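Remarks on the structure that follows.
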Amino acid sequence: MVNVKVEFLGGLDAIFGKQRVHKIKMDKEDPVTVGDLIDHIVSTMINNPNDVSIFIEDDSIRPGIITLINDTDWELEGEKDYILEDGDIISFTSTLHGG
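In the authors' numbering, the protein residues as written are 1 to 99.
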């Protein structure tokens, strides 16, 4: 029903499959929060102790991963306090290389 064009960079797209930009689709309820989107990526999209383990750590994202929502900072709004919106442009980045 919905669609979100996310752009993974730094060291995230490498896990997805060298995909600088990937679209996601979720179908559950109307008031779908951003936290749900990430969940979808870690549920059906990804399912292995290597790709998701590094991204999510015990229901908690790994401190350091960047996430630009609508050309803005994730923490700026409220992390998971941002309702989704089909037709948005999300961006992900990682300031970590080697070690």
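Yeah, the Cβ is synthetic: ideal placement off N, Cα and C, and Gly gets one too.
Tell me whether residue i is buried or exposed, calling it buried when 16 or more other Cβ atoms sit within 10 Å of its Cβ.
i   : result
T44 : exposed
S94 : buried
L76 : exposed
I69 : buried
Could you say which of the options lies nearest to residue i if we only look at CA atoms?
i   : options               : result
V4  : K18, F16, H22 and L12 : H22
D86 : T95, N50, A14 and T33 : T33
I83 : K18, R20 and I38      : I38
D13 : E29, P31, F55 and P49 : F55
On the DSSP bridge assignment, give the partners of residue i in chain order.
i   : result
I69 : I90
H22 : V6
Cutting at 6 Å between CB atoms, please list the residues of its own chain near residue i, excluding the five before and the five after it.
i   : result
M1  : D27
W74 : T67
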